[PDB]
Amino acid sequence: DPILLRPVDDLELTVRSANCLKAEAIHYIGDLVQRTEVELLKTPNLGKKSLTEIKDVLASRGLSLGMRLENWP
Amino acid sequence: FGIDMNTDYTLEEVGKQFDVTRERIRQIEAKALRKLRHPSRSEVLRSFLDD
DNA sequence: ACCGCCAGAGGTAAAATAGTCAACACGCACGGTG
DNA sequence: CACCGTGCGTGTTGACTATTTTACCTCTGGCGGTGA
C-alpha cells in the first residue's frame with residue numbers, strides 16, 4: 001500500500017517512541033505492521049503506553065498488526 | 001512575524017511579555033516551525049508555494 | 001560664449017544590535033522491585 | 001498496589017558571527033557670474 005512505504009516520521013509519534021523505532025531501525029510501516037504486540041514489547045525501553053499509542057495511531061488510519069506482507073518492498 | 005497585529009515585534013519585547021531571555025523564545029519559535037513543517041499540517045500552505 | 005562653483009549620489013569604515021552555537025539545577029514521570 | 005532509582009523535558013550563561021545603520025571620502029551633474 002502507498003501509505004505503508006512512508007517512513008515512521010510521518011506517523012507523528014513521540015520522541016521516545018521515535019528513538020525506540022530508530023534503535024529497531026524500522027524504515028517502513030509495511031515492515032512494522034507485520035509484527036505483533038508481544039514482539040513490539042520485546043523492544044527495550046518501550047512500555048505499555050508506547051504500544052498503546054502505536055495501536056491508537058495505527059487504528060486512526062485503519063492500520064493494525066498481524067497482516068503478513070510478501071515481496072515488500 | 002506580525003500575523004494579525006501592527007508590528008514584527010523582535011524577541012526582546014516578546015520575552016518581556018512572556019518573561020524570558022530570547023534563547024527560550026527562540027526555542028519556542030523553532031519547534032513551532034519544524035512542527036508546521038512536517039506533512040499532515042502543511043499541505044495547503046504548501047499549495048500556496050508557487051511552483 | 002566660457003569658467004569656477006555647488007550639491008546629489010556611491011565605496012569603504014566603524015559602532016550597535018540580533019541571531020547562532022554547548023552545560024547546569026529541577027521537577028515530573030517512567031520502570032524495576034517488593 | 002506501593003516505593004525508590006534514573007530519564008528526560010523545562011527553565012536558567014558565555015563566546016562568536018552576520019545585518020544594519022551612520023558617517024567619512026570621492027565622482028559627476030547642474031548652475032550662474034560675466035564679457036558691444
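Residue numbers start from 1 in every chain, and the chains themselves are labelled A, B, ... in the order their sequence lines are given, proteins ahead of strands. Atom set for the values below is all heavy atoms of this structure, side chains included, hydrogens, waters and symmetry mates excluded.
Sugar pucker annotation for D/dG7: south, assigned from a negative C1'-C2'-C3'-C4' dihedral. A negative value of the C1'-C2'-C3'-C4' torsion places the sugar of C/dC5 in the south (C2'-endo) family. A north sugar is assigned to D/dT12: the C1'-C2'-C3'-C4' torsion is positive, on the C3'-endo side. Because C1'-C2'-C3'-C4' is negative for C/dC6, its sugar is assigned to the south class.
Here the straight-line distance linking atom CD1 of A/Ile54 with atom CG of A/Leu13 works out to 6.0 Å at 0.5 Å rounding.
A close approach under 4.0 Å does not occur between any side-chain nitrogen or oxygen of B/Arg26 and OP1 or OP2 of C/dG19.
B/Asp19 comes within contact range of the sugar-phosphate backbone alone, with a heavy-atom separation under 4.0 Å but no base atom that close.
The separation between B/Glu12 atom CD and C/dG19 atom P is 7 Å, rounded to whole Å. Rounded to an integer number of Å, the gap from B/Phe18 CZ to D/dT12 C1' is 19 Å. When rounded to the nearest whole Å, the span between CG of A/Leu46 and P of D/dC8 equals 13 Å. At whole-Å resolution of the value, NZ in A/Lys49 and P in D/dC8 are 15 Å apart. Following rounding to the nearest Å, A/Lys48 (NZ) and C/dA29 (P) show an atom-to-atom distance of 19 Å. The interatomic distance linking B/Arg22 (CZ) with D/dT12 (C1') rounds to 13 Å, in whole Å. Between the CZ atom of A/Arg16 and the P atom of C/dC30 there is a distance of 10 Å, rounded to whole Å. Atoms CD (B/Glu23) and P (D/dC16) sit 16 Å apart, rounded to a whole Å.
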Atom pairs and distances, donor-acceptor, side-chain atoms in residues 14-23 of chain A, under 3.5 Å, two or more places apart:
from, atom 1, to, atom 2, distance (Å)
A/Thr14, OG1, A/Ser17, N, 3.3
A/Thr14, OG1, A/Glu53, OE1, 3.4

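Of all nucleotides present, only C/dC6 satisfies the Watson-Crick or G-U wobble test against D/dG29, with each distance under 3.5 Å.
Using a 4.5 Å heavy-atom cutoff, the side chains of A/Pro73 and A/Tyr28 are in contact.
Of all nucleotides listed (D/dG9, C/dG19, D/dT12), D/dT12 comes nearest to the side chain of B/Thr21.
Summarising the geometry of B/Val14 relative to B/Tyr9, their closest heavy-atom pair is CG2-CB, 4.1 Å, with the distance given to 0.1 Å.
The main-chain N or O of B/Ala30 is found under 3.5 Å from a side-chain atom of B/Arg34 such that the two form a donor-acceptor pair.
Stacking of the bases of D/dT12 and D/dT13 is not indicated, since the six-membered rings fail the criterion of centres under 5.5 Å apart and planes under 30° apart.
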